[PDB]
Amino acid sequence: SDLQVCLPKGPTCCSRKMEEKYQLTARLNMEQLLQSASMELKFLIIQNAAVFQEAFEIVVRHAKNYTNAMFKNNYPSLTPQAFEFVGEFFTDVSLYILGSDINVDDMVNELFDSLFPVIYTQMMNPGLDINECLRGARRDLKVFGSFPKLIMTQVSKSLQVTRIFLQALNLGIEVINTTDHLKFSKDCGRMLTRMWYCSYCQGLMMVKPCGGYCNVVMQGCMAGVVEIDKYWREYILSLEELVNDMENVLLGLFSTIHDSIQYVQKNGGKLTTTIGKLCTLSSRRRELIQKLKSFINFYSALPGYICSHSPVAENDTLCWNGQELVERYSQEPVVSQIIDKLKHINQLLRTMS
């Protein structure tokens, strides 16, 4: 008589307060169903994100170790200072891989800025306050040739693809975790309450809602959610485009650095006088992608999941149509944030490869 959701066709066994209860369980039932649909995909990316993050850090640590080892072996006169700017470089390497605001060109530079004064003082002119004059002379006189720019492009290409690979996995975690927190319209909350519970208010014990009625209701409130599909697909294929490395580059840096130190030593005669006057991975991300491609239908199949895991009369016979038991059935802001972040990422993937 005073109900606001359950259309009272005949009498009704539930009051207004019982309509609250049914509306809140409708909310809770929807969130649980969405969360059950997204659990297995969420855990897949969470697993891989944790593994790949440690695997990359193992690579960076191994690359730092070997660069320090070739400094110990080939340039003992540059140690222990060598250990300081090598460690600072690879620390910034990791920090950049994990998404922090680090400038790759500033990394490579600062490395050669710190490396040149000790090369001059210990290898070229044996025999502290003039240090800043030497650091400026490194770049102003281009003592290292194209070696810094060579390393610059060599590592910026591989560190950018590794950084975006991690950023893409985490953002995938972020949007899939956002699905089961998706708040819906007030009209849908009433429709879901009608579809799932308002039959109990009419005194029915085993009646299930119609599969067709569930389809028009689900398509009702997932109209915005389903629009994410196109962008979620493009995210999957763009991620496949990137995987199809950074180890070989980072584990080759010593070689390039060592040759750069030979290069600056080749013109020492004129340089000293001028300055004196002046002063199994790839298998893992392949398996991840093949497992991620099984979830390309996630957003399109989502209304199908909610109806197929809720009790419905698929036959559309002897079912509940939201207001009565029939013989046959007749028949943005958060979502836009998901699409924006998907758009931003997809663009970022497509440009790398």
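Numbers follow the displayed sequence, beginning with 1.
In this entry, residue 331 is separated from residue 332 by 10 or more residues of the deposited sequence that have no coordinates. Unmodelled residues of the deposited sequence between neighbouring positions residue 251 and residue 252 number none; the chain is continuous. Stretches 56 to 64 and 309 to 317 differ in mean C-alpha B factor, with the higher average recorded for 309 to 317. In this entry, the higher average B-factor at the C-alpha atoms falls on 267 to 275, of the pair 267 to 275 and 183 to 191.
The PDB entry gives the largest Cα B-factor of the residues 229, 240, 92, 259 to 240.
In the PDB entry, the Cα temperature factor peaks, among 288, 49, 37, 30, at 288. Annotation for residue 101: CA B-factor lies in the highest third of the chain's modelled residues. Sorting the modelled residues of the chain by their CA temperature factor places residue 220 in the highest third.
Split the chain's modelled residues into thirds by C-alpha temperature factor. Residue 138 is in the middle one.
In this PDB entry, the Cα temperature factor of residue 107 sits in the bottom third of its chain's modelled residues, the lowest group. Sorting the modelled residues of the chain by their CA temperature factor places residue 126 in the highest third.
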